[PDB]
Every structure is written in structure tokens, then in C-alpha cells.
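> so I pulled this structure from the PDB, and the sequence comes with it:
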Amino acid sequence: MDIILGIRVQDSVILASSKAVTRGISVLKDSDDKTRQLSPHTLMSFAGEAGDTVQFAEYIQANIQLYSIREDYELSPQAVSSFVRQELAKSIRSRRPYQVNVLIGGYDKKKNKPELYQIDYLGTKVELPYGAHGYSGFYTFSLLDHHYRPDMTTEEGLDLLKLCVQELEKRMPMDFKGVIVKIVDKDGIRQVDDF
Amino acid sequence: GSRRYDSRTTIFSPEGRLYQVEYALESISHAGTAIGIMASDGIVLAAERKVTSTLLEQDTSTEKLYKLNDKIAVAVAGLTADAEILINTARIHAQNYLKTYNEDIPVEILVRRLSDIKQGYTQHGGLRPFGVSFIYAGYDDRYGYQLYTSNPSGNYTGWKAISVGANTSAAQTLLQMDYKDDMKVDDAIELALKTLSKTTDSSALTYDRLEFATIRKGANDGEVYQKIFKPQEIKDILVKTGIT
Amino acid sequence: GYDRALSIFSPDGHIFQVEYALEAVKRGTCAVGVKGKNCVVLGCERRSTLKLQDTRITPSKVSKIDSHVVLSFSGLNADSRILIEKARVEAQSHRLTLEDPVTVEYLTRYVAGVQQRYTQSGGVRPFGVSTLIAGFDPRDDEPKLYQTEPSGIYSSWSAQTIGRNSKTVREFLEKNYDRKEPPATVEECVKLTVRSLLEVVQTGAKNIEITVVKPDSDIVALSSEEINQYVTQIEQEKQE
Amino acid sequence: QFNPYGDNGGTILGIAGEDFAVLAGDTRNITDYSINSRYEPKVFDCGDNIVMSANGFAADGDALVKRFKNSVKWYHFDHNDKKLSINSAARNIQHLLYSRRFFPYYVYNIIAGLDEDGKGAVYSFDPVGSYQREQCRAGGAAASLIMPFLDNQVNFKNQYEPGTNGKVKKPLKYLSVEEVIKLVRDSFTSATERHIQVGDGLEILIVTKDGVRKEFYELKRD
Amino acid sequence: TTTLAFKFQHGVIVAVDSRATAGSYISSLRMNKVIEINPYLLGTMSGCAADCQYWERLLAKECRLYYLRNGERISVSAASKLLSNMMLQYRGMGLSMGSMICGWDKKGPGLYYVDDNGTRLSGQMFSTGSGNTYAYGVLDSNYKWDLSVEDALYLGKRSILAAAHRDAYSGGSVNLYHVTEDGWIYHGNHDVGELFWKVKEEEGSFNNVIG
Amino acid sequence: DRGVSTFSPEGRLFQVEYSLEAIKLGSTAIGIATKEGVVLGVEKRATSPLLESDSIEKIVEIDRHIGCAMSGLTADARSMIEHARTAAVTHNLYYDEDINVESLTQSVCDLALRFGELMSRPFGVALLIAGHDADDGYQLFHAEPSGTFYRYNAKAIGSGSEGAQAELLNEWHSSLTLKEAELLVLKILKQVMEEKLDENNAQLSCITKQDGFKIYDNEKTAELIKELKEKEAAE
Amino acid sequence: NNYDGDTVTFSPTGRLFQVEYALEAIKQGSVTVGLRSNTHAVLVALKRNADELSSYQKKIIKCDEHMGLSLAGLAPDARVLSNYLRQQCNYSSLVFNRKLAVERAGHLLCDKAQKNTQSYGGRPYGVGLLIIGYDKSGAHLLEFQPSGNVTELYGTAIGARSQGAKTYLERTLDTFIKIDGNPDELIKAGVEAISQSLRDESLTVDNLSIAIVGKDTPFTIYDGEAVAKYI
Amino acid sequence: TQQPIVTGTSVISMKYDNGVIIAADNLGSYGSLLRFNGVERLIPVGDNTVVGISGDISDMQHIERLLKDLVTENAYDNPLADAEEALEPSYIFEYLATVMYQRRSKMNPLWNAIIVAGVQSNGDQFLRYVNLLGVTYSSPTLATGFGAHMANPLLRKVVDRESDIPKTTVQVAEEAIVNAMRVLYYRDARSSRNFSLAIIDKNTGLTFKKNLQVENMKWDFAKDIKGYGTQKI
Ligand SMILES: *[C@@](C)(CO)[C@](*)(O)[C@H](Cc1ccccc1)NC(=O)[C@H](Cc1c[nH]c2ccccc12)NC(=O)[C@@H](C)NC(=O)CN1CCOCC1
Ligand SMILES: [Mg+2]
Ligand SMILES: [Mg+2]
């Protein structure tokens, strides 16, 4: 798939992901949710080759859920992101690599801090205040570089996110059918139903 | 064929016990006593070397206390060679976890893994079990200071204070009597040595017949330090507590 | 590889290794399962021979297989970990391939199948473990309670116990538990579960563990003080 | 580079009657512009009142037929000499073809016989295993020449009743075995004229409740 | 090919054409592109005929085995996922399949799109094949949840007609299905040749075409 | 000790003969074949009143046209049922038809002797496989762990087998109806069972060409039990 | 005694007891007779039932259009060996376009059975087979023992009470060998031969099983009312 | 997958009233180089079959060894190895055909074209072709490579269909084969004058002729041919 954005504010992480799914020259769906809850306070969005994305995401989801049950404990976002990176770094030298790029947004309940990790299909991990994959960053990073503060509220983070989507909608040749926005904070994961 | 000579190491007795596990535990009961005591501000590991010689090079010797990583250590009771096979596996497992999750392995997870390896030898393969009992002393940020034990059956349990090897029945009674929940490391050090001094089969407890170690938050600020005691340092703590 | 047939038939048509595995279960600490109208309670015995134990970190007797299913057992502790791990892996493998969590009946059938496989496979001995598997199926308010054993047979129970002195507590449950009107509330269900363990346990201090499982993945473990209040109320009514 | 496939030409034709079925095919075998044989049988009696022809690459065709004949033999062994019904044979052949999905049998296969109600049946396959029951089917080199003729002369396509002018269709009256064989012979004579890989001889296998009968007819040898 | 399927108030409609091609040559005038997996499950076919038939008939085996093990019908969601997992085993091996798994289960009516890449999508309405764009045009402008069974059957039928007309690689005849909570119901084979002229007269559409 | 695949001096496989002794300890299962259908009935034998009897599944569907009852170490049957269901549906995949009851039974019996030092021991369970096909009609088979299978007009397996088989010897004739066969299974089950037969501790089932394999409801069986009591009291 | 625990152990007198015990299973089995002329070869088998409600266990198995056998002992072992013969007959046809010689079929059975007598873990086959066939050198009859020994014979019998039928054939040798171009008379001689091994029970319609192969006769099995002619 | 290195050209054959004839030259070419001049490409199998092989010589020698081994293997435990259970042409062919098709299915073919000529037990003529693709066919006349293009037309004038076989004598058939070999020597650049010929008759058995030469060749007319158009001298 195409556009996935992420921004880490004061007390939360916000992920925005496009709704479009295309097959041939036809848009099959305009309400697709390109994300999986890995744990109550960790959300992973994804984008890449068709089929590989969901298979990888669900495979990661199963592994983290298995860990959660085994230890009766939620892994830190950092630990999850490292596990994900290793699986991708393992994948890239396989016979047929998984062509998936991900953003991992999580709230660390121990440190009481939001955390955003950007990982590409090669296994290239970076912690960031805001991130994107593919061409999305080319349009949006200039706005984020300008407007972003670390003490921003969740509401201010959504407003800056709206501005990023508006810029994408103006300058991209691609119709991605808007975005589904989800917030990750101390209270868990919730979806912004009006955006 | 070969069936004739097979001892069948992985079978139940009519009473529902595992022969080889029970006999391995009998082996371990003759090994030098090892004691672990958990305190609020640290953990103590004390162990007794078996009938040594004057010509044994003690300062370079290690038969009881081993380091698994910076946060976790083990006291051994049983066959040393068997223990080293498992110890090296545990060291690798801790590094695999650290490579995967970029965090130090939680104590229980390491303990469960080793205990599962022991379990496997009792259920399949037709091989004899490992004649080893461990006391795991470790720290992590979830449960803090922790003491565990595992035995050849592959069963493991958590403890405030525990002994393995010889005279555990006597040792456990002494620990159960003098142990309190608000206890500190310096007090736990004294309790461990006093218990060994009373349970030992030797005439007197000396520095050359002991291995000793502590895991303390007594490290500069929020962090943990492992201290494997040297022969001279064991000699000093024996004088301090008033045993020699 | 080690291929030796350890579980075999004897002249009288018994598989002794499977039967000796049941003796290991008999040695294990008592476990009890009672299902009420809108809940299931799992009670477990803790032998008080082991004091100076760290109860925070000691492996608990009741294990979550998924968010809606739990598993308790009696027998070899080390053997039970292998079944629990396999069950947990299968639970995630089912969610991954079928997009629904396992039913309690399915999870039981899998665990029982593993136990059976270890009674006619070369080079391996049977699991010295019997399990109680309890929970609620997804989007269902009917309680579920199953039992398994080393041979691999399984079945559903209104109430059941396993382990040492299970014969006695089963006797208690058979006369006290009414099918026409089961424990209507959580209190009544826990009270009956504690009462049943008090027939065998010894002291009602730290020897009794209780785990309540309610519908919609609502699983909680009672504390020492909460259980102690049940122990107090039961004996005060008994003094009459 | 080695090319494991080849083209042996030929053309086949199956027609399903009301209580019979025919499977016909020319007897010419070729590579490029040369003739290998003027009489190399292509349609085979496979047992259980079923006839079969695998047209295209002869080596793969012979191998498939050989394997199906074997499948019939083992069906008798495994299921108490039960008769393999035409629908069951068709499904079995699908699985034979798809077993080589990634290195296909390069053939267009047709089988013919009678269904379990005694009515005529023809099943048609592609090289990778898709199949379907039909009334009429031409396969092979001259397939595109013959099929339109059969749509017209068997199913009366684009034919209406005089006087009505396109309002009422020509009714689908059934065809006799003598009428079908005429259409088969004309189909191959016409194909022989315009297709260089068709000629030499025509062999027809007719299937009724009484069994499998053969008829041979000469074709042009140029 | 052209296939479509959509959910509505009274269940789900399923409509497909019947053409088969081998290049520009029309190999078949009437090929069945629906599979009756069970009385409450249907599967559409688009792409390689062999792949479609083999894997969907294998899905039916696996769906049937589900009923025997669990004593209960498989969900549409679970059936679609089994199929997508099969496609994921032969990842990049050259399979060509596009299908819609249509049925009724406990959650109500269910519709999932599945293709050779492993893509698995839940949705109200889908259309696959070379003529899907033409069908979507009619569907999107005339679809409602509040459709009657009669009007819904016509919509799916009319949508295939639109595609059969314009798309060279779609045609032959229309096969209709209606899935209810009592199972699927076949609503016949409709020749496009005859249907076209009928619709033209009754509806007044296709004015540009002479007849 | 000794080989698992060892012959005795009498020419029998020790392990196969010992597994037959385990089957004798199992709960009773009875099958009766008629021209109107085949009836299968079993003794549930709950070990305690708290055991929910409806969870005891000793009668099992293999296909729509084939049913199965078991007796002995019932846990061993699960892999046999799984194989049978797979064989039945796989043949339907390969041949687009129902599989013959004999062929299904033969496939199950091929597993039997696949043991040695493959599985480590023979199965400790016997199966009554009942079904219908177009070629041979209504059939009842008895599948043993020896790998042998006999077809039967009527058969009883389990603890009360030889007593039930003698009763079936007298009662069975070629003109039995389905209703008559149902009552006959209930009659013989009630005879050999320890506890008093009712709808909760005994289960009926049948296979007909029209309706296929069906397990009977407890309400339906209860009426057949009441119908049995009255007809026995009638003379 | 101490040397019968497995097949890999010779006794002090050079005997293999597990093989001898497998041979014993054949003697417990129901009687079957084999005999041939120069044109035809015939199998006759007495089928055995469990009880009156049960069917009669099948004794004869077809291997090819020109070859088949009758069994005595463990039926599942006959199924394994007959399956092997089916495959070998079939390999010969598919690869060489050649009908498998009966003599060579016997050599293959011998070698397959032998491997089970020399290796640890496995067991000998617990069944005896009578193979008949018609190939390029005429009609043939073979006797297979699970020791590995295969023997070409004019006639023979195996199973319980088989000695009576074997003696009859030894007297009738000169007569039945000459029965050329007469299948019914050759079967009669076989039915009369197997009758010498009967006690108490007699040949009924669902008891008797007959098979025949010959010059212009594929291997066919006769059961039910098809053998009432010969009763 | 390979490429042929040392090769043998056309193999030609035909049926006649009492048997079959087969022939092939004695050359082993190395591309355009006429490298080896003493190569036998007709290989007898018993006294009732001759296998003629064209294409890669290294693969020919491998097949030659498979056949030699086949005879050895057939004699094992076979008292009728020189009688009723002797190797038939149909057995030898089907074996080879099986091998050829298997090798092409593994994408590692035996780079040959083979003609199996012989007489069956019942006196029936056997003549069938098989090649590197596993393709098989039978005809009254068969030829490989250039023979297919030049020999078949000449041989088909003698035996055009099945009914012409009983009318064709061994003298006529041999004459047609020998003439075909001359024509191939004129027109095939990868051919030689020296060749071998084998006759398998149902009465007189196997006659194997070696060191045959193409004779009665027409070259005299070449003296008159001058230039490529306009040249007179
Ligand atoms: C449109 C007609 C696309 O052309 C459909 O998708 C149709 C789908 C379909 C599905 C099931 C049954 C029938 C048809 N697809 C085809 O007809 C398909 C198109 C095609 C051809 N080569 C392809 C390669 C990759 C993807 C699609 C391809 N045609 C076929 O698959 C051809 C080869 N099959 C047949 O013609 C099947 N024959 C079976 C024997 O009877 C005659 C038809
Ligand atoms: Mg990156
Ligand atoms: Mg020409």
C-alpha cells in the first residue's frame, strides 16, 4: 500500500494510514485499516507489497500476543520494535524477502513516554518524533520540521497531521482516499472516527 | 539387537516417579552445600567446595559459583561437567534474548529455558538426565531481586532463602528460623555463613573451602553489581562475622 | 534416533506406562474446578511443606492459555509447562489461520491429542499430568469446564477435581453440587470451591489459590485476604 | 538452449449425442514441415466405456493417457471393480494435469462416453486442468476452424425459423449417430483442405451402451 | 471475465459471465464460474481457470473437513482466510486467481475478496475480471442497502450485461445467485444475446446500438 | 525385553492380541444392519454424576453416508477418525463421488499394522463402521487393530459383546425394519449395561440413504425407550 | 526359547524361530488349493467367517490380468505383498511393455520376504501365498512361504488340514495335468481336491471361492451363486 | 541442458514383406570437422533387434551400454532367456522411450534420435522412432535428421501405406535403402561414403553388413558446368 504517517507528541503517538486498496486499475476498497494492535499500548501500521503486508503484520501480532500470555506482561515498545527489526533483517537475505515497511507507535507505561519507531523492509530502525515511509516524507517532513514541538498536545498533533494530509492531497498524483487516524496513549489505543 | 542393553532412562516407576531423576537427586545430596538468601537490598550466594587439597590452586579455581551474565549468577550442586554444559547454553540464551529484544533477559525466562532442557532429558531421547541442581540469583526491573532453584526433573520454584546439595533439610530449618522479610544483605551474608558452619561435614569452615558471591544494588546509583569473592575476601568476611 | 517403544500393551490389555503416569497425577497437589450459572472457578492446593517461598515469582498453578481460557493441572510440574506452551502456541496459531479464538472444547481436544500422541510414539513417555481447562467461548455466556488425562481421553464436567485426595473432594462435590440450580452468583461459586478444598487442604492460609473466570475475557485471581474471608465465614457457620 | 516441448499437430473432435458419444481425431503426426507418420493412433479406448485423446505434444499426450489408463486399473483394484463414471474420470484427470501446474502436459485433452443416466457425455480439458462438460468440442490445430461450424450445425446458432424473421429460433432437435458422423467427416475434410497439419486419415471412436466401435476414413495425403 | 457480488438488506447477490478465452479465440461460450462450496457458501472465479477450479475445490474439501471436526459450518471469514493462505504458499510461483467468497453465517451475510497475491478484503461490494470497471459503473450509481430481492437480482444481471457488451473478453451468458440465511438460490442462466435485446427495449438503454 | 512386532509360538502377534484385551474392557457398542438403514448404539458409561454425559462422544460422523461407533481406548480413535474423514473427503476431491464403505474401512485398517521400532504400538480401540453406497447398499463393518475387517449383519463390541452377540444371533432377520432395529439395540444395551438404561447414559444413531448419518436426540431416544418398556410389558 | 525374541537370532541348531512362528500362522489359516494343466491354472479357497452374522473373509486377490494369488494366514500381510506384486507387474508393463513372468514374480516375493528375516526391528510376513498365472511359457503355479522360499509346482495346498488335498493332487498328478482346453473339469478337480481337507463343514454358496487364469482367460474370481455350479 | 558435441547424422529404415531394414553411416562429426570415420551407429540387441542412433555420440555410447546391461539383466534367473523370455524389439523400445522422456522431464536430455528396428516373436515387423523429447511414432518408413527430409520421400514411393508392405521384397527394399544412402551422400554435408546396413528377417534372421560404400555415383556432368551465370570458359 502507499501512505503511512506517524507523529509523537507530549503524551501520545498518532498514526495516520491511507484507506485505499488498488488492484489493476480499480480501487477495490476505500476503508481499509492498514494497522494491527500488537499489544494494548502498542500499535503497528504497515505498507508494502500486496499480501506480504498483512501476513507479516499478523505474524508479528501473533508473536507479541504469545509473549504477552507467556509472561503475563506487556513488552516495551522498544523491545517490540527490536523484535520486528530482526525479523525484517532476517527476511532480507531469505529466498523471497518480505517487502513491508512499518511504523510502530507505542506508549511505554514504565517510563510514561510515547515512542515512535520507523522500520523499513531492510530492517533499518530509527526512533523519531515523526516519521513516514515511501514518498510520504517528501511532501510532509518540511511541514513537520517547521511546526513540530515536543510539548504539543494531542489536539495540536491532530491539527498538524490534518495539514500534512491536506498537503499530500494537493501535491500527490495519487488518490489514497483519506486516512484512518489512531491515537496511542496511557489509556490505550483509540480511533478518531471523524477526520 | 541393541534393545538388550537399553537401561530405559525415561520411564515411570509403578508409583509414578522417574527413576533416573530420583537417583540423580540422590547424587546431588552428596554434593557440597550451596545456599542462596534474598534480601531487600541484594542477594547472597554461598557454597562449600568439596574436600579440597592444600595443593589445589584456589584463586584460579571455580567449581560452585558461575556467572551467566552481568545480572544473573548460579550456584552449582552436582556434577560440575554436566553443569558447565548447561551454563554455556544459558549464557547463549541470555545473549540471544539481548540480541533479539535489546534488553537484558528477565531472570525467570532464563530459568524456565534451562529447566525445559532438563525436562526434555526426562521425557525423550533415552539419555541420562543432568545430575545438577542450580540456585539462580539474579535481578531485573520487573520483580527486582529473585532466587530460583531447578533440579534434574526440570521443575523450578522461587524462594526467599534456599539451599541445595548436602544437608538441605538441616540447612532449610536453620534458614526458616532466623530469616526475616525486612532483612538486609550484610545480615544475609552472616546468616548464610552461619548456616554452612553448622551444617558442614568438615571439622571447621575455612576460607579455602568456600566460594562466595553477592548481587547488590550497592553499586553507584540505580544499577546492579556482581561480586565473586576472592580467597582473601572470603577470609576477611569469615573474621568479620566471627567464625574464624 | 531413539525409537524405543516405551508405552506398550501387557498380557491383560493394559498400558502400564500410561497407568503409572496416572499415579504421578495422584501424587500431585489437588486441583478443583466448579462452574456456576455465569462463571467458572478454579481452585488449587499449595502444599505448605515449602515455606520461605517467594510467592511473587513462583510459577502459579493456574495458567492463561489465551485471554478467555485458563488451564490448571495436577502431576509433574515440568511436564505441565510443555503442554501449556504447546497449547499457547496452538491458540495463537488458530487465531492466525481461522480468525477466531479457540473454543474451550477445541483447546481441550488439542491438549488431549498431544497427551495421546505421547502414548503411542517411539522413544517418549506419557505426560504425568491431568489438566482442568476452563473458560468461555467467544461471544457466549455459557460456562465451559473440561478435564484431560495422560491416556488422552477428555470430557466436560459440571464440577470436577484432580490430584491427591481428589476422591474426597469429588465426594463432597457430588452431594453439594446441584445441577438443577448451580451457584447463581460468583460468591456462591467461590464459597463452594473453597469449602470443597477445606475438606483436604489442612490450613486455609496460603494453601488455597482461587481463580475466577467470567465471560468476555474477565479473569481475576483472588488474594490471600479475600480467600481468608471465605475461610472465616465457612467455619463460623460450621460452629452450629 | 533445450526446449522440452514440441508440436506434433493433429486435431480432435468430440460430440455428445442423446444416448451416444463420438471422439474423432486425424492420424497424422508431424514436426515442423515433415510428416512422421500418416497413421499414428491418437484416440484410445481407456476401459470402462471411456475414450480419450490428448492432442498437442505427443510425448506428454502419450504419458497422460498412459497414466489415466493406469488410474482406471488402480480404481478397479482399490474400489472392488467399480465402474469409473465419466464425471469421476474427468475429475481424476484434472488432478493428473494440475500435478504438473509448473511444468504442464502440453496437451488439449478430451474424453467421451456415457453419464450415469445413459446420456451422451463429452468432457474438455485445458493443459493445466480446467475442465467442463460439453455437447460439442474441437481441439488442436484446426480447433478454431471447426468449432464455429459445430455451433452452427449442432446447436443451430444464428439460425432462425423462416417467415418469423429473427423472432423465433430454430428448435434444438437431437441428432442421430449417422447425422453426427456426417458432421465429423465434413469437419475434418474441410480442416484438411485449409490446415497443413491435418490429413492422411480419420479415426472415429463411437461409444454406446453396447460398447466402443471404430470407424476409419481416408483423408488427403498432401 | 466479469464477476460481481454485493451485500444488501436481504443477503448477497452473486453474478458472473460465462466466457472463456485463449488469446483472441473464444474457447468456451458457457463456462461455470461459480462454485457451490456448501449450501451457504459460494466462490467466484476469475483468472486462470485451472487455478480457480483446483484451489476452490480444495477449499471446499477443507471447508467440509471443518464441519466434520467442529459439527458446525465454517464462517465466510475463515473460509476466505484458508484460501488466502493457500495462495501464500505458492507466493510468486505464477498463480492467477481472483475470487469472491460469498455466504451467510452467524454474523449475517459475508463477502470477502481474495486473490493470488494473498490479498483478503471484507466489503459490501466487489467486482473482478477484465470487465470489472464496467460493472462498477452500474453498481455504484444504482446500489442501495434498501434494495428488494427482485431489483437486486436485476442490478447484478444488468451490471454483467454492461461489461459483456463493452469488454471483448466477457460475455456468453449470465449466471445469477442469491444467498439467504436458508442458503444460496440459483436464479438461472441468461444468454447475453437475448438479454441484451430484451433490456434494450424494456429499459430504453443502449440507444446507440441499432436493433 | 522383547520386540513389539514379535510372533508368539502359536503364530500370533503378541501386541495385537493384547490390544484385543483392552477392547474387551471398553463400553458396549452395537450395530444392526437392515434394508431400511443401519443403526448404531453405544453405552456412554459416565464415571461420575457430575460428568456432563452429552459431552461423551462415542458415536461419530465420518461422512454424510458413513457413521462410526467405538469401543476400548477411545482416545486412540481420534487419529483413526481424522484419517477416515480425510480419506472420505479426499476421495470426493479426486473422483467427484462418495467413497465405498468397504474402501473407507480398508483405508482405516491399513493404519492398524503400521507399528514397530510409524507408531510404537497398535490401536487399543475397535470400530463399528456403518454406511451406505450405491453398489453394495447398507453395510456394517467391524474394524480391528489386527488390520482385519469383517462385514456384519449385526455386531456387538465391548464388555458385553459375547452376551449381546448371542442375542443378536437369535433376533436378527433379513426383513427387519428401522424402528424394529432401534428397539432391538436399546433392548440389548439395556440387558448388558450395569446401570439402568435411559436417554442420558445411552445414545442411538442411524444411517439412511435419504437423511444420511444422524445422531438421535435425547428426547427422541427417550420416546423409543418408553415404547420399548410398553411392548415388553405387553406380553 | 532364548533365541526366539527376534528375527535376527539363529538358534544353536541353526534355526530361525520367528520365521518358524510366522510359518505357524499359515497352518492356523483356512485351507486353499492350487493346481494347473498346460492351458489353465486354478485357485480354490475355503473362506472363513467370524460367526453367522459375519461375512466370509476373502481369500483370493487379483494382481494383474494374467496373474493372481490366494492367501492363508495374516490377511493384512497378503494385502501388502499382493500390493507389491501389483506394482511390480505394473512396472514391467509400463516400462518394458512386458507382462511379468510368473517365475520372476516369485523371485521378487522371495527377496522382499528375505529382507524381513535378516534385519533387526522388523518381522517376517505371517502369510503363505499360492500364485497362479499364464505367461509366455504357459500356465504356472507357485507356492510362497514367508521364510522366502518360493517353489514352482503342478499342484499344491496350504493352510489347516492342507495335507489331505496335497495327497489327492499327488495321486491325481497324471490326470489333471492333461485337462487341457476344459476349465470346468480343471475346477472340478480343484473342488474335489479341497474337499479332502474338509471336516464337519461342507462347501456352501458363500463359503467357496474359486479363481482361474489361462490361454484366452483373464484372471477372474468366482464367488456367491457363480460357484453354485461346482457345489 | 547441454549441446551436442560429437554427432552422428541420418538413420534410415523401412519395413518389407518378411521384416525390416535399417542403415546408418560410419561418421562421427565434430561440428563441420569430419573427425571420426570408424563409428558404428547400428547396435544389435540379440538376434531380433537393431537399434539405430543419431545425434550425440557420447550419449549414444551411454545408451549402447544401457542395452548391453539390459541383455545381461534379462538373462538373470531366466532359463528362457534365449527363447520365450528373450528381449523383444517392443520391450527394448519402450525401455528407451521411458528413459528418453524421463531425461527430458528432468531438463537433462539424451541428445539423440533413435529408431528401433526388429521382428517380434509372432513374426510381426517392429519399427518405431523416439527422440530427445520422448516423442514416439511408427510408420512403414522412418528416418532421422536429413533422412526424414530426403530418404522418406524415396522410401515412401516403395511403401506408401500399410498395404504395400507385403508387396515389397527384400531385394527391392535394400535397393531403395542403398539408393537413399547415395542421395544423402550427395546432399548431406555431415555424411560419409562408408556405412552399415542391417536386415532383420523373420526367416533368415539378422544379417549385419559392414564396410559398405556408396557406389555408382554420377559426377561426370560437372565438367560441363562453368561459372555462375555469364562465364563461358
Ligand atoms: C475472463 C474471461 C478473462 O479472460 C475470465 O477471467 C475467465 C475466468 C474463468 C474462470 C473459470 C472458468 C472459466 C473462465 N478466464 C479465462 O477464460 C482465462 C483467461 C486466460 C487465458 N490465459 C490466461 C492466463 C492467465 C490468466 C488468465 C488467462 N482462460 C483460460 O484460463 C483458458 C486457458 N482456459 C480455458 O479456456 C478453459 N478451457 C477448458 C476446456 O474447455 C475450453 C476452455
Ligand atoms: Mg527507515
Ligand atoms: Mg504435403
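Structure's in. What do you need? Numbering: from 1, shown residues only, chains lettered A, B, ... in the order given. Ligands and ions are numbered 1, 2, ... in the order given.

> how about the helices in chain F?
F:14-24, F:77-95, F:101-112, F:161-171, F:178-192, F:218-233 (DSSP state H).

> give me the nearest residue to residue H:233, chain neighbours excluded.
In space, and not counting its chain neighbours, residue H:233 is closest to residue H:226: 6.7 Å by Cβ to Cβ, 6 or more residues apart in numbering or on different chains. Yep, even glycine has a C-beta here, placed from its N, CA and C like the rest.

> nope, residue B:224 is what I meant
residue B:139 (4.8 Å).

> contacting residues around the strand or helix carrying residue G:94?
Here residue G:94 sits within helix G:75-96, counting by DSSP states H and E. By Cβ atoms under 8 Å, 6 or more residues apart in numbering or on different chains, the list of residues contacting helix G:75-96 from outside reads D:66, D:70, D:73, D:77, F:109-110, F:112-113, F:146-148, G:57, G:61, G:63-64, G:67, G:69, G:71, G:98-100, G:105, G:108-109, G:112-113, G:125-127, G:129, G:131, G:144, G:146, H:91, H:94-95, H:98.

> check stretch H:154-163 too.
Contacts of stretch H:154-163 (Cβ under 8 Å, 6+ apart): D:38-39, H:12, H:14-16, H:140-141, H:143, H:164-165, H:168, H:172-173, H:176-177, H:179-180, H:183.

> now with 10 Å, please.
Residues outside stretch H:154-163 that contact it (Cβ atoms under 10 Å, 6 or more residues apart in numbering or on different chains): D:35, D:38-39, D:200-201, D:218, D:221, H:12-17, H:21, H:139-143, H:147, H:164-168, H:172-173, H:175-177, H:179-180, H:183-184.

> which PyMOL command selects the buried ones in the residues you listed?
Buried subset of the contacts of stretch H:154-163, written as a PyMOL selection, criterion 16 or more other Cβ atoms under 10 Å in any protein chain shown:
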select buried, (chain D and resi 35+38+39+200+201) or (chain H and resi 12+13+14+15+16+17+21+139+140+141+142+143+147+164+165+168+173+176+177+179+180+183+184)
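
> what segments of chain C are strands?
Counting by DSSP state E, chain C has strands at residues C:31-35, C:40-45, C:63-64, C:69-75, C:129-136, C:143-148, C:154-156, C:159-162, C:208-214, C:218-221.

> residue D:155 versus the residue in chain D sticking out farthest from the centre, what's the distance?
Computed with Cα atoms, centre = their mean, the residue of chain D farthest from its C-alpha average is residue D:163, at 37.3 Å. Distance of residue D:163 to residue D:155, given as Cβ to Cβ, to the nearest Å: 22 Å.

> then residue H:71?
Residue H:71 is 58 Å from residue D:155, by Cβ to Cβ.

> any idea how far residue A:9 is from residue A:76?
19 Å.

> ugh, typo on my part, it should be residue H:139
On the measure of Cβ to Cβ, residue H:139 and residue A:9 end up 85 Å apart.

> close to chain E, is the one helix or strand residue D:113 maps to?
Residue D:113 belongs to strand D:107-114 when assigned by DSSP H and E. Yes. Legend: contact between strand D:107-114 and chain E by Cβ under 10 Å from any Cβ of the partner chain is shown at residue D:108.

> could you dump that strand to CSV, C-alpha only?
The C-alpha trace of strand D:107-114 is given here as CSV (Å, rounded to 0.1, in the frame of the first residue of the first chain):
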residue,chain,number,x,y,z
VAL,D,107,-2.0,-31.1,-24.5
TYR,D,108,-5.6,-30.3,-25.1
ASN,D,109,-7.5,-33.4,-23.7
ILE,D,110,-11.0,-34.6,-24.5
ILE,D,111,-12.8,-37.6,-23.1
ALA,D,112,-16.2,-39.1,-24.1
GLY,D,113,-18.6,-41.7,-23.0
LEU,D,114,-22.0,-42.0,-21.3
